[PDB]
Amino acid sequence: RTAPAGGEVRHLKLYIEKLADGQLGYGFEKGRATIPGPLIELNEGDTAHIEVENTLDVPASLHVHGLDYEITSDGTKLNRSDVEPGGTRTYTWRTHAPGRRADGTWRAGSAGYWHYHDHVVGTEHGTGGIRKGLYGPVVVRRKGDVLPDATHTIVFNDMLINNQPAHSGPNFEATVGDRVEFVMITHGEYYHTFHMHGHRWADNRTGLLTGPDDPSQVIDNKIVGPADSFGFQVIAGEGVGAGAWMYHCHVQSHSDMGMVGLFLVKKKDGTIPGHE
């Protein structure tokens, strides 16, 4: 499939909750909060009204990367955009399509791989909040953008993936030939380098090449640092066939200390070449 034009206006509830293990999360539902928070997909031109209810005991906020929002939706202590504890506040994210300005210049669309995260917990930059798991993927499609069969989010949050314990995964699961979207986010103090076995992508907006004239580098290794966001797609097993395809931070310490996961690509039999 390809994505349609936007303009639709969505109403979402987002709850800021303490998880059973004392972590923090966004969720569409009271008690259902996940780390990472839920995926939010918009099409260019869409508008999202998110009413945030903060159940914590500390002021918490909602900040987004790359979408259009006014100073009142900033999510910051600075701009008085945060949510006092047991409070609720509606955030408004806006999105626009590429086009020409009055002078003739080209205006860049909102489309890309983005993320939302808390800006007020533990410090005025959300250091406490980010550490404890308040973050999530935001994806903005452009009219005509190829769409996946699945999206998977991997956040390198300091030394952990998705605030999972070391050597935890996650593993993701696909069958040969599915189109698989990967959204990569990074947080904390450290730089990483993201690697995937048996697959490669294009370093550009969509991780997909236009046609024969796209100069973009093809790479299976991309260095990243806190709050970077990118994504790409893959045809699973393309040319490499089924199996367990490792993905990991390539900083050698981080890898040995367990920032690793598995991309389990299955034969159409739903069978996988025998692994460890």
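Numbering starts at 1 and follows the sequence shown.
- Of the two stretches examined, 181-189 and 143-151, the record assigns the greater average C-alpha temperature factor to 143-151.
- A summary of the deposited B-factors shows that, of 212-220 and 35-43, the stretch with the larger mean C-alpha value is 212-220.
- Note on the listed residues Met259, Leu12, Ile16, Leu19: the highest Cα temperature factor in the record is that of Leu19.
- The entry assigns its greatest Cα B factor, within the set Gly109, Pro85, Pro165, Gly129, to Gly109.
- The PDB entry assigns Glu51 a C-alpha temperature factor belonging to the middle third of its chain's modelled residues.
- The PDB entry assigns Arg101 a C-alpha temperature factor belonging to the middle third of its chain's modelled residues.
- When the modelled residues of the chain are ordered by their C-alpha B factor, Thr123 lands in the middle third.
- Per the deposited record, the Cα B-factor of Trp201 falls in the middle third when ranked against the other modelled residues of its chain.
- Sorting the modelled residues of the chain by their CA temperature factor places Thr175 in the highest third.
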